[PDB]
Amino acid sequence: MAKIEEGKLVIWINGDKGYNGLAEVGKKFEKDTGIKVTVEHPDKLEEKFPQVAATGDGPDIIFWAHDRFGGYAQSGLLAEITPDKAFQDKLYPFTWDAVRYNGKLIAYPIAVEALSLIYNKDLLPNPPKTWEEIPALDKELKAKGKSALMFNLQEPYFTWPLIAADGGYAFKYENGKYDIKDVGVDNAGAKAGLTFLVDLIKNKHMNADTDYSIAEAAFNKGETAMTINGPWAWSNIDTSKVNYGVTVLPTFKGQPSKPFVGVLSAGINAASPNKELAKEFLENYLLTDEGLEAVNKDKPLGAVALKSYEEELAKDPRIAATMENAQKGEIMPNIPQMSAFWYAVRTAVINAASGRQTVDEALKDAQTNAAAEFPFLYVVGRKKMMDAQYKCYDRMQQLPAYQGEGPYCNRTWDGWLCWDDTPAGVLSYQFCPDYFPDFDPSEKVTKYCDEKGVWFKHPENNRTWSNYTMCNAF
């Protein structure tokens, strides 16, 4: 593991993406600026990031689908990103919305990721339009020593499009906000979709143990006629020389499969001492046609957020298909509870597929298994508080003595925030700090300078007390 260090960049990105191509963009950056860029692809980087960033470590830049980023931002772990409007206009507005959280942009969008149906044209010249036709197709193919369909059943990303087709969702959105009281698998549609999956397994058309590697090998060796995967998989299929197409996902009950669409995004660690370098790299090297092309040549990004390069990519029917599936899907929420949702659905699908639980039992436990994950979203780090403390005590030395007329309260560090000299009788205020994820930084903290130039003391212990109660009320 390369360490965070002023005057270089460390980047984390998932091992299924074009990390070698990204490193080439890094080399171009280093050539122009002298700044080394190191790209790493640790396992479970999306789980590891908050804990290592919380103690001031981690990468300068983290890449993942945008659904993880709200959790990181709510914990104060991501830098605000501040592109100019001319730069913003180069990317599709829906991609910016995916990375807008509590009013702020919290990452740069890179790629628009949707799963598609991938099929072997030699085994299956006309791919099925519906999930319901797959059992009969599998029977026909098994007579030839083949199967119809293999895809990853261990990660819920891959099974979600079927669950969502006829009514599955993560969280209800209403009156401008998500309602997290229920996960949207408590409906007949979600149940019907999962039941269809389980039935494919009971009827021996799929195996509950199939994972990404097993499915990939079977498709790329010509053993199964179809798989479900994203554009990052295409390189290996090209190598195999299977004559493949990429097409719309099958429908279920006449309704499109509805993949959860991820916007692969690059966040800047709040703890990085290289924030300006990271901005330069991302805006002026990576988010250009040349930069994205360098990544794409390693592993395909699929559809991208950058308009100029997407317009070129969309000449490829595989990319047009990726966008068709994306537009028939739903952009994932970015709220902190998405990780909870995913963990719950993961368990429900594995349990139902394997017969460890019935479909009804598995979907019922998804509600409480999601809620069980909520306290673990409380990840906090002390760095911001301590930087603010140091700044405060310095500024209290350097600012000239008070030049107003009358009794006033003295400049002070209250433990979480800095205050200036304040006239008697004034209720001073500032924004809530982003130290704790149950705090809303758009709410206000107040501190009352009483009638005599003395700061307000809490009556319960007669100690000087700033009022943070609006930060996490309700």
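Start at 1 with the first residue shown and count on from there.
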| item | value |
| --- | --- |
| Average Cα temperature factor in the PDB entry - higher stretch of 23 to 31, 59 to 67 | 23 to 31 |
| Mean temperature factor over C-alpha atoms, higher-scoring stretch between 134 to 142 and 287 to 295 | 134 to 142 |
| Options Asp438, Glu46, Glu40, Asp420 - largest CA temperature factor per the record | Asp420 |
| Residue, from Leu363, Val304, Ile214, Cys392, that the PDB entry assigns the highest Cα B-factor | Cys392 |
| Third of chain Cα B-factors occupied by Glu113 | lowest |
| Position of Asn175 among the chain's modelled residues by C-alpha B-factor, lowest, middle or highest third | highest |
| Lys328, C-alpha B-factor rank within chain (lowest, middle or highest third) | lowest |
| Within-chain third of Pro125 by Cα B-factor, per the entry | highest |
| Within-chain third of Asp166 by Cα B-factor, per the entry | middle |
